[PDB]
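Next up is one chain by itself, shown in structure tokens, the form deposited in one PDB entry.
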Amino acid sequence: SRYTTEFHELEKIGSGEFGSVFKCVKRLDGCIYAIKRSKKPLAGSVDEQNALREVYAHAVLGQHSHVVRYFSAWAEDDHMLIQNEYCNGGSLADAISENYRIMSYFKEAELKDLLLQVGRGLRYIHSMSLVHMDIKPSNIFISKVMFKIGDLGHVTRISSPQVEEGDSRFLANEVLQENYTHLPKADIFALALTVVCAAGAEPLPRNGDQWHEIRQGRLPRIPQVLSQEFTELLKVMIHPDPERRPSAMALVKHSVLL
């Protein structure tokens, strides 16, 4: 086996339904990588196509500072593996839980900077005529800290007529209602919520009354003082009218981000 023969497995850092993720050192280049090892879905089936799109997307989103680099992907003999860049600072999710336990969140300067960087990662993706569809703190990773979008498992072409939904906590309603005219804006919606989490909000709701309020374009309580301008940027990012949310390009050129 190539995984065993080419890498030294250091530690498990991720455990899913389908997969697992390991910190490993490539024996030949001495260098450390994150490798997701997951079940090989039956050749030529809906689930296979899902896994292949991930490999396809990683393979074209490899020039970017705000997307995790892909090094390789292979299959053996009942598993599928992808070898990506390892991010020494771990995930945005874990930084936010640590933050939450200590009552010390991302400051406004840090939140702008997270939004700008991830916004740059999205701009890129959208310019590759793709969309990510599952932006959330556990799919953002950290390496001046660099934030990098990871987990392209939901990535699809911008004008897809069929879509798998990302996490409901971060899901725009128009997508829930199978309206796929402005998918790039689904990522914009999720980015804002991600940044809301970064600011120290309570865990986001999955369903029920509070799930809908936000989808009306109402921000969750943020336990700290943010400038009105920045709060406005945030609000417009979760606007019920996806056309009213700024593209990623608008996002990174926004004055509040200069």
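Start at 1 and count along the sequence shown; that's the residue number. We call the rigid core the largest set of C-alpha positions that still match within 1.5 Å between the two forms. Only residues modelled in both forms are compared.
Not on display, but discussed next: the form deposited in another entry.
Compared between this form and the one not shown on the core, the listed residues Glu202, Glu232, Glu213, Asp47 keep their C-alpha shifts below 2 Å, save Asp47. The Cα shift for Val68 between this form and the one not shown, taken after rigid core superposition, is smaller than 2 angstroms.
If you fit the rigid core between this form and the one not shown, you'll see the Cα of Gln162 move by 2 angstroms or more. With the core held fixed between this form and the one not shown, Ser104 has its Cα displaced by at least 2 Å. In the other form, the CA atoms of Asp167 and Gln49 draw together by 3 angstroms or more relative to this form. In sequence order, the runs of three or more residues whose C-alphas all shift by 2 angstroms or more between this form and the one not shown, with the rigid core superposed, are 41 to 50, 58 to 62, 101 to 104, 160 to 162.
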